[PDB]
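Engineer: Starting off with a structure, shown below.
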Amino acid sequence: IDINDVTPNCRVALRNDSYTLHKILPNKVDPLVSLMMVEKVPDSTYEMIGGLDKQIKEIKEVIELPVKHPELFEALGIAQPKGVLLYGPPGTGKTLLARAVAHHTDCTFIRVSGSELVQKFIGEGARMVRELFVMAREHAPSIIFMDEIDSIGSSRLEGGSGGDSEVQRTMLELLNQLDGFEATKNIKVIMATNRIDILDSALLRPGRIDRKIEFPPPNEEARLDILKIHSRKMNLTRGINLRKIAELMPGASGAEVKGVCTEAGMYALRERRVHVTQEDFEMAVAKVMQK
Amino acid sequence: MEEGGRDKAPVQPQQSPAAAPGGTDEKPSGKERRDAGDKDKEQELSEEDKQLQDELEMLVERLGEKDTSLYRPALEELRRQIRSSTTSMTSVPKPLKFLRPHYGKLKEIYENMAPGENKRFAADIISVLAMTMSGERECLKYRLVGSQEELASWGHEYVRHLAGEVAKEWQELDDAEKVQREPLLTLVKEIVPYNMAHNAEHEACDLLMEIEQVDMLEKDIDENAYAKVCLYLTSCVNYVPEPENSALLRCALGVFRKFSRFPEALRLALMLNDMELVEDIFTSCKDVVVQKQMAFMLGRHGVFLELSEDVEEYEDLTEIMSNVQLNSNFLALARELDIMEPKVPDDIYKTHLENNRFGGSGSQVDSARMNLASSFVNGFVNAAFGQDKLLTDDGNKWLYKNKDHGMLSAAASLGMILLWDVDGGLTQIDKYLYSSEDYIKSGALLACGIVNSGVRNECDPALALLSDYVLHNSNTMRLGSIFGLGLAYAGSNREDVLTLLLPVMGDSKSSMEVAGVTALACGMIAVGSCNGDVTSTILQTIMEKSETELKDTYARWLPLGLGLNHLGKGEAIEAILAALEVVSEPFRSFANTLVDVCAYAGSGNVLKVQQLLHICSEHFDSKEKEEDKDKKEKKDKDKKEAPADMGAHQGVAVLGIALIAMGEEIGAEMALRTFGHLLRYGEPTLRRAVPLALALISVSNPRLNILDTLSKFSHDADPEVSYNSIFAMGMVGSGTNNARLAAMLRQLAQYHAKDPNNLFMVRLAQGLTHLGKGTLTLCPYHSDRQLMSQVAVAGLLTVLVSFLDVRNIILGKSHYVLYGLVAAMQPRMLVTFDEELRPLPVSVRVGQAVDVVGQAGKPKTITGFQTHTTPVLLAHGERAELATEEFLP
Amino acid sequence: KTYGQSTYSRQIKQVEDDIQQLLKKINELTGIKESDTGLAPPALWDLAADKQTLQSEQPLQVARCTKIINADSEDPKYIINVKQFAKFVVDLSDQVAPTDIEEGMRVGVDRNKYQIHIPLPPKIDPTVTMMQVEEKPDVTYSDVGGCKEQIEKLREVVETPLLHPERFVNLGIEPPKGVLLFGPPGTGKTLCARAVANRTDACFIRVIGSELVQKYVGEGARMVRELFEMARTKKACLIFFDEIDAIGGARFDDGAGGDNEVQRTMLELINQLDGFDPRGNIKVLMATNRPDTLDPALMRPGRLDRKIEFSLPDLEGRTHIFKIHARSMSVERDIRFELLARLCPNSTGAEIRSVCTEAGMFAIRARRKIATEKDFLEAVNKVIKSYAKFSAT
Amino acid sequence: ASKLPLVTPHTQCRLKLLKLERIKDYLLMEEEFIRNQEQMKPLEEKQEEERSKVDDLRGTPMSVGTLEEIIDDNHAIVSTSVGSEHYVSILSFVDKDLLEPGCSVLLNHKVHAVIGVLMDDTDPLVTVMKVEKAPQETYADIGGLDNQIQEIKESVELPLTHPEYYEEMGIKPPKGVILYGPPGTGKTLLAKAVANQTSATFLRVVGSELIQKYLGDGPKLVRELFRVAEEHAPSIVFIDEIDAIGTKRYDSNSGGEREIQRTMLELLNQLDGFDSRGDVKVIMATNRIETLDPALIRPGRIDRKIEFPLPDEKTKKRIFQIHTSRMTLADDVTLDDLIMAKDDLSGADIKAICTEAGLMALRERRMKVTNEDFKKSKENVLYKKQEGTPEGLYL
Ligand SMILES: Nc1ncnc2c1ncn2[C@@H]1O[C@H](COP(=O)(O)OP(=O)(O)OP(=O)(O)O)[C@@H](O)[C@H]1O
Ligand SMILES: Nc1ncnc2c1ncn2[C@@H]1O[C@H](COP(=O)(O)OP(=O)(O)O)[C@@H](O)[C@H]1O
């Protein structure tokens with residue numbers, strides 16, 4: 001065997017009597033690349049999503065303009081932002097706006113699940129923020145979408161004197177790779193989260209992150225748009241009159257609409273039909289609203 | 001950058017260069033006053049020195065550096081009233097462009113201006129950016145001039161006065177923490193003629209206040225150890241009038257005036273006795289001075305006082321300087337009965353009660369060499385009245401049985417057991433003087449010599465008993481019979497024992513070991529300048545050495561004595577009479593080096609040290625010339641001990657790297673005795689680096705290449721925790737091997753660290769660092785060591801008791817007038833202060849506050865408290881006295 | 001071109017700068033191994049590759065350590081456990097006698113025959129051995145002057161029984177083994193503690209007052225247990241506590257859902273201090289700035305017998321602190337200190353030490369070797385104005 | 001390594017020049033001999049036989065472990081991989097100077113005697129609360145505080161770069177510096193600007209971090225913070241917002257509100273309570289003065305009380321000069337009249353003006369700078385600074 005081919009983290013065989021390196025076994029997989037964060041061609045909404053028009057203008061003037069106008073930022077001498085924080089009640093344009101922005105800015109969309117399945121091998125997060133960013137640096141001009149979980153992963157360095165569970169170190173690793181040297185280049189990040197006041201954005205404020213955009217509970221127009229989006233991949237009848245279903249329930253979040261569609265499919269299945277009728281949606285609204 | 005505008009400096013001080021070319025002629029008012037209106041402002045702004053950057057320190061400087069050449073010679077009105085800035089751009093606005101001493105050339109012209117700035121510009125000139133120019137111009141200009149241009153161009157006439165008034169001003173201004181700048185300015189100025197300006201500084205300190213006089217004094221002792229040879233010859237004599245004429249401390253000087261004993265002359269070596277004689281202020285303080293002339297460095301004048309019962313308290317001064325009974329034995333007794341255990345029944349060699357159960361069984365060693373080593377061990381630790389009557393009966397039966405060498409070395413046990421008890425010890429030795437064995441009787445004669453070592457008794461019992469045996473027979477008993485006179489009378493100079501021991505030395509007797517031991521006596525009876533003994537030694541050498549090409553025994557003892565005649569004062573004037581006549585035969589390059597670079601003790605002259613290795617480094621000698629480099633290696637043991645860890649760590653850096661790992665024979669056999677001669681207290685550097693090349697026995701050659709290194713590694717006294725290394729080294733060299741050539745040398749080399757209970761002094765640095773004999777006696781103890789062939793036949797007798805120069809290592813007593821106190825002292829580590837703010841803690845080791853009058857070991861500085869002034873020596877080393885009345889509770 | 005510090009202050013830089021790299025040249029010319037994954041210099045392990053390691057390998061086996069639990073009668077027959085391997089019943093070897101073989105200390109056991117070879121010192125966790133001071137700071141009693149009555153009271157409590165156990169035996173009294181120190185901050189409690197640890201002739205053990213407050217339940221009682229056992233092992237140690245309010249003085253119950261664990265630690269301390277075979281010849285020093293929120297069990301004598309107080313000196317002790325703090329200076333022998341103590345009415349020793357440092361600050365702000373007499377007078381007047389402002393805000 | 005202790009006088013003092021001249025003679029005599037040594041015996045036998053002998057003397061399976069206690073100079077009790085502990089003997093090719101209770105050592109497979117010591121991995125606490133490199137550039141970007149820079153210059157930088165002045169008259173440098181002022185003036189900022197001209201490492205901690213929900217990790221984190229800083233270098237610890245914890249102690253009511261008093265008493269004892277640590281310089285930033293514990297305020301812990309006033313107009317020109325330096329500026333926009341009538345701003349607000357005045361130009365896709373860009377930036381930042389304070393009655 002040869003010394004140079006021996007790397008960190010490769011399985012090797014040791015002999016029985018005296019521990020000498022017998023043969024390098026082949027590795028099985030890199031765990032993060034096995035579960036790799038799926039790059040998609042971004043299927044936008046084509047920006048018809050009403051009600052979030054203020055959010056459309058704000059996300060335009062906040063994140064799109066640095067990508068499209070490096071000349072304006074260079075002429076004005078303004079440092080281009082790196083990250084964008086989003087917050088609000090769940091379901092109110094968490095992932096939809098990022099997809100629409102990514103497709104309209106001519107960039108690919110990357111979604112990072114990364115909640116706890118990565119951190120099972122304790123320090124995989126310390127490589128999760130590494131290799132992901134490597135692909136986001138090597139693939140194309142793109143954006144990175146990352147959820148609340150990092151704030152779930154760490155708040156501050158109280159675990160530095162407490163243990164860090166090798167997760168805050170992960171945050172720390174992300175910290176330097178969030179700082180690095182980009183100046184837009186080809187990689188940008190968008191933060192979507194809830195309960196913003198647990199993480200450590202005061203140190204994250206100089207240079208690393210920038211202006212944050214709120215989200216309200218959805219209006220009737222955004223409710224109908226969410227219902228029309230989530231009724232796409234469903235074999236349904238024509239003439240469903242989704243506006244009637246939109247006015248049928250008074251007011252709710254966007255998370256219950258998905259349950260409305262699945263249990264509407266349930267009630268359609270109990271009718272022993274491939275149809276999804278209007279009365280299925282009426283009983284769907286009634287049963288979901290009940291809970 | 002707002003520099004400019006608001007400040008005047010770019011406008012009016014830069015308009016000021018307009019009146020030397022354009023106002024010297026046609027403007028008598030404009031000759032000076034046009035310039036003077038801003039020039040007095042510049043002088044006032046320059047005397048006020050708070051900023052690095054003044055409005056005239058760097059702003060007018062830009063034209064100032066060429067203004068000293070284009071404008072100042074173009075002033076053409078240089079007078080007394082122009083000495084406000086044109087006396088001051090050198091001791092005030094220094095220029096920016098500095099090309100080495102360019103201001104050295106500028107201040108040739110400015111030297112006549114320098115009396116213009118004499119008084120108003122005296123204060124802030126030995127501070128800020130002016131004293132660099134002042135000191136460097138003084139030093140370099142006097143270096144260039146010297147005294148060859150004495151009357152020529154005032155380069156010695158006014159420069160001496162300027163340095164004198166600057167040195168006066170150094171304590172006139174502040175008496176700062178840079179008092180030691182005052183020697184420095186009198187140093188580089190007047191390197192060779194140093195004495196005149198240094199006596200000017202000494203008269204300035206005669207005008208100075210008498211409490212600062214300590215600190216410059218120890219600054220002088222800081223420079224009276226390693227400066228330059230001709231600088232010793234003036235600095236050690238420039239110490240002399242300062243605490244004698246100005247101050248009247250008159251005891252802190254004589255403890256530190258033995259530095260000037262040997263390098264200057266014997267006249268100054270005895271003027272300590274002279275000005276101790278002519279000073280007669282009461283009795284006590286001078287009694288403290290003669291308490292170290294007792295026997296603590298050299299007795300010398302211990303028979304020089306009595307004339308016609310003229311000296312006040314003569315009979316007490318003589319009882320002190322003689323070391324005799326109540327000033328020694330009583331004290332040691334007063335400790336050993338009252339602070340220690342007086343039993344010590346060889347339990348140091350009986351503490352191995354857990355070793356014959358280790359590894360099976362025992363009772364395998366049957367060699368007849370352990371008996372002698374155990375005899376020496378049990379006779380070694382029973383010092384100070386631990387007389388083991390009816391315990392040496394194994395030695396008594398071994399007197400008449402075997403080991404004639406051991407029978408001689410066992411009879412010295414009672415002699416080395418009553419050391420300094422001259423009055424009681426003779427009565428215990430008497431019983432052996434009538435023995436039917438020549439070995440026992442010779443060992444009892446050697447015991448009588450040992451008991452008197454360092455004690456001058458009015459009855460001369462050593463001379464009076466040993467005299468009759470010096471010429472007794474031609475055989476071995478002829479050999480040893482001188483040796484008592486060689487030991488008890490080695491620190492003095494009397495002609496009677498010299499002409500006593502001379503005829504064996506000058507009869508051309510061909511028994512070489514007799515001649516060697518008589519030379520080892522007679523060449524160091526007086527460590528002085530006895531030319532007759534020198535001629536006798538060299539003639540007796542050229543009397544049998546020439547017609548042979550044989551072993552080192554020829555050079556073992558006789559050239560050692562010829563070196564010992566002037567050792568410690570060998571300033572390379574001994575070379576021209578000793579070495580230059582003895583260049584006859586080439587086989588003894590050992591001896592030629594031994595008498596050639598014999599020289600003297602720890603001093604400077606590092607060019608001799610690099611001569612000792614630069615020429616004869618290794619030379620790849622084929623076992624024919626390496627003995628020259630052997631001696632030249634043991635010369636490197638000296639020049640390092642007395643400078644007090646100056647080159648000592650440099651020494652162990654060199655031979656702990658260069659020679660121990662790269663030596664072919666010398667570094668592995670002979671170059672390890674230096675750890676015993678350089679140092680003796682033991683620290684985890686050297687006492688652990690010595691077994692690193694000793695735990696390997698190196699059995700390729702005969703095994704005693706390592707046993708001598710074991711003896712030198714455990715040669716350090718002052719009992720310690722070294723029992724683990726000692727016992728492990730015993731068990732790796734135990735009855736598994738138990739080599740007979742090292743069978744006695746093993747047991748000698750293991751348990752002799754705790755040699756005496758507390759009398760462990762073999763340092764040879766008394767007070768602070770002065771030598772005090774000893775090394776002359778210590779040299780045959782480890783220089784005669786040449787592995788085997790001397791522990792059995794001839795050579796052991798010289799290495800028996802030649803190291804007996806212990807000088808009462810007890811570090812606690814009172815001696816309050818007639819011993820009226822107990823006192824509470826404070827032992828603490830070496831003097832960490834050299835130059836800071838004037839009072840300071842001397843050391844940082846807390847103090848470990850002990851009332852009990854106990855020893856301190858080697859490295860300590862023991863101060864007092866409880867308002868008792870410690871008024872007698874101000875050097876904190878324990879001798880005596882400790883008077884009272886600080887008028888304070 | 002440049003500027004020089006003092007005389008030949010530039011060629012000294014070269015002559016000590018060339019030799020420092022020439023030492024590296026010496027080292028590389030010899031050839032020195034660098035960072036051999038944990039090893040020794042070749043002139044330092046020259047006996048390691050020798051018969052020293054062969055004597056370190058053949059006779060001495062592993063002698064794997066064990067803990068003893070119970071001893072039998074007549075025949076030794078010790079019950080033992082290793083650490084986690086198993087428990088056994090064993091005998092001692094012939095190399096050691098059966099006297100220092102009592103229950104409850106670690107003993108070494110041969111790995112083959114399972115025989116006891118050599119006892120070991122007992123297991124002490126490293127968090128309580130680090131607080132053993134192992135060195136003494138040098139603070140002479142002459143450096144804590146101005147507090148003569150308090151100093152002699154602390155002296156006659158602590159130093160006299162540990163150095164003269166003759167007076168109290170013939171007079172038949174007992175010394176107060178517990179003394180509390182209190183007063184305003186920065187008055188000399190720390191200096192008195194260092195002065196006690198100066199000449200103690202004994203073992204001194206310091207305690208950080210908030211060290212015992214720990215995350216898990218009951219471990220602070222274990223620290224107090226191991227601390228007092230280490231005190232009992234040696235002879236005549238001195239316990240020093242600092243900032244005793246952290247350990248606990250209150251006994252609140254007003255809806256007692258707050259601190260209870262630190263009350264348990266205080267209670268285990270309170271019990272180990274006194275009662276049911278007391279500690280012996282140990283002494284306890286305590287110090288706090290608010291001795292009014294303390295436990296009445298602590299203030300009961302038999303545990304705390306003297307309440308030594310401190311205060312804003314006098315007029316004379318300010319002069320004494322001036323004479324002992326500003327003596328390490330380069331000032332001309334003309335400064336009068338009683339006027340300077342008159343100008344500052346109410347001050348601590350720390351303020352006087354701060355005056356002494358600001359004197360050097362004035363000496364350094366201007367380019368002077370020393371702080372001259374008028375310079376010292378201007379400096380002290382400016383810092384008196386500055387300290388009036390500083391006490392104002 | 002420990003060439004000699006040959007520095008006694010710490011001044012000019014030619015004996016020091018002689019001692020360094022005395023030290024070179026043994027050095028030049030050594031390089032002369034070693035050069036003569038190599039030409040005669042070039043055999044590097046230390047790496048030939050001895051390094052090969054020890055490599056076979058050490059067992060080829062090296063079993064790692066953990067040290068627990070050093071019993072004596074030849075035997076030390078070590079642990080093993082899982083549970084067992086032994087009484088193996090320390091050898092003599094292992095360095096004992098960095099042998100500490102805690103670092104991993106490695107044993108052979110038969111006798112289990114310790115061969116050596118594996119390199120200790122550095123603590124992760126260094127990586128997190130370090131200030132990394134310069135978060136802001138040098139003193140060109142800060143405005144005019146003048147003497148505020150001067151006091152920190154002579155107390156933090158001057159003992160570091162030039163330690164040839166304080167020991168001359170033998171005065172120990174002051175330890176603690178405290179910075180106070182109105183909320184937003186220069187507080188920490190200046191603290192970031194001093195952490196680029198410094199030579200040693202800089203550790204930043206925040207007082208908001210210095211609470212713990214677990215009773216006990218409070219004083220432990222403070223102790224571990226200073227232990228890391230002391231062993232490294234002559235480092236500097238900066239406790240930002242220290243006034244959040246050590247404000248007062250008079251409440252003494254049950255809960256975490258008295259635990260804060262307990263977690264500050266350890267900081268008070270570890271600052272100066274016993275054997276004060278060498279070469280560690282502290283610096284503390286507060287917002288308020290009067291609600292502070294007077295035992296901190298006393299000397300011995302902090303000495304340099306530094307005041308931060310708000311500059312009215314003069315440095316405000318230079319603050320505006322710095323903040324508008326790396327951007328365009330037109331002729332119509334001039335900043336002098338925007339601050340002419342106002343004398344109640346702060347340096348945080350000026351940057352808040354200049355960042356937002358560039359935000360209108362980007363959001364409107366307009367020209368570089370207009371004068372009305374600065375006019376409405378001043379009005380809105382005033383709305384952000386002074387919004388709803390109920391003062392119609394002037395107290
Ligand atoms: N009598 C004194 N003589 C000399 N120095 C004193 C004296 N009193 C106080 N000091 C000085 O005060 C400094 C600080 O006070 P110290 O450390 O003794 O505080 P303390 O009284 O223990 O208070 P706290 O624990 O409440 O902070 C010490 O370093 C010491 O130099
Ligand atoms: N003189 C100045 N020069 C440059 N920037 C300044 C100046 N004064 C204040 N600032 C800005 O004001 C902000 C506040 O600094 P600081 O008071 O230390 O923070 P905080 O108000 O959070 O304590 C800094 O980010 C700094 O950029």
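Within each chain, counting starts at residue 1; across the structure tokens, chains are named A, B, ... in the order shown, with ligands numbered 1 upward in that order.
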Find the spatial neighbours of residue 31 of chain D, counting only C-alpha atoms, within a cut-off of 9 Å - ignore same-chain residues fewer than 5 positions away - and output them as a list in words.
Structural biologist: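 Neighbouring residues, sequence-local ones excluded: residues 22, 23, 25, 26, 29 and 30 of chain C; 26 and 36 of chain D.
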Engineer: Taking 4 positions as the minimum chain separation for residues in the same chain, which residues sit within 9 Å of segment 230-239 of chain A when counting only C-alpha atoms? Answer as a PyMOL selection string.
Structural biologist: chain A and resi 225-226+257-258+261+265+274-278
Engineer: Hey, can you spit out that residue selection with N, CA and C atoms as an mmCIF file, in the first residue's frame?
Structural biologist:
```cif
data_model
loop_
_atom_site.group_PDB
_atom_site.id
_atom_site.type_symbol
_atom_site.label_atom_id
_atom_site.label_comp_id
_atom_site.auth_asym_id
_atom_site.auth_seq_id
_atom_site.Cartn_x
_atom_site.Cartn_y
_atom_site.Cartn_z
ATOM 1 N N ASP A 225 -54.957 31.638 -4.593
ATOM 2 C CA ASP A 225 -53.743 31.300 -5.331
ATOM 3 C C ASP A 225 -53.058 30.068 -4.747
ATOM 4 N N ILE A 226 -53.011 29.969 -3.414
ATOM 5 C CA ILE A 226 -52.441 28.803 -2.743
ATOM 6 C C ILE A 226 -53.266 27.556 -3.041
ATOM 7 N N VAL A 257 -54.523 23.971 3.848
ATOM 8 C CA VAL A 257 -55.001 23.771 2.481
ATOM 9 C C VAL A 257 -54.499 22.443 1.930
ATOM 10 N N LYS A 258 -53.268 22.066 2.289
ATOM 11 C CA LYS A 258 -52.734 20.773 1.876
ATOM 12 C C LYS A 258 -53.543 19.626 2.466
ATOM 13 N N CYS A 261 -56.736 19.266 0.544
ATOM 14 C CA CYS A 261 -56.612 18.497 -0.699
ATOM 15 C C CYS A 261 -56.436 16.997 -0.452
ATOM 16 N N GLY A 265 -59.123 14.136 -1.462
ATOM 17 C CA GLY A 265 -58.811 12.916 -2.187
ATOM 18 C C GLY A 265 -59.269 11.670 -1.454
ATOM 19 N N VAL A 274 -62.435 8.048 -9.770
ATOM 20 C CA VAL A 274 -61.243 8.837 -10.078
ATOM 21 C C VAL A 274 -61.543 10.326 -10.073
ATOM 22 N N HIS A 275 -62.821 10.691 -10.032
ATOM 23 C CA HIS A 275 -63.265 12.069 -9.939
ATOM 24 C C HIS A 275 -62.883 12.660 -8.585
ATOM 25 N N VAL A 276 -62.779 13.986 -8.542
ATOM 26 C CA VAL A 276 -62.746 14.744 -7.291
ATOM 27 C C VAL A 276 -63.803 15.831 -7.451
ATOM 28 N N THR A 277 -64.968 15.623 -6.845
ATOM 29 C CA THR A 277 -66.130 16.452 -7.119
ATOM 30 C C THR A 277 -66.143 17.695 -6.235
ATOM 31 N N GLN A 278 -67.138 18.553 -6.483
ATOM 32 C CA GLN A 278 -67.300 19.767 -5.687
ATOM 33 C C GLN A 278 -67.710 19.443 -4.259
#
```
Engineer: Do you know which residues are at most 12 Å from residue 244 of chain A counting only C-alpha atoms, after dropping those on the same chain fewer than 3 positions away, and could you put them as an NGL selection string?
Structural biologist: :A and (220 or 223-224 or 227 or 239-241 or 247-250 or 278-279 or 281-282 or 285)
Engineer: Based on only C-alpha atoms, which of the residues in chain A come within 6 Å of chain D? I want them as a list in words.
Structural biologist: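 Here they are: residues 19, 76, 77 and 161 of chain A.
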Engineer: Report, in Å to a single decimal, how far apart atom CA of residue 76 of chain D and atom CA of residue 47 of chain C are.
Structural biologist: 19.3 Å
Engineer: Which residues sit within 9 Å of ligand 2, counting only C-alpha atoms and all ligand atoms, listed as an NGL selection string?
Structural biologist: (:A and (206)) or (:D and (136 or 139-145 or 181-192 or 240-241 or 285-287 or 310-311 or 315-316 or 318-320 or 322-323 or 346-352))
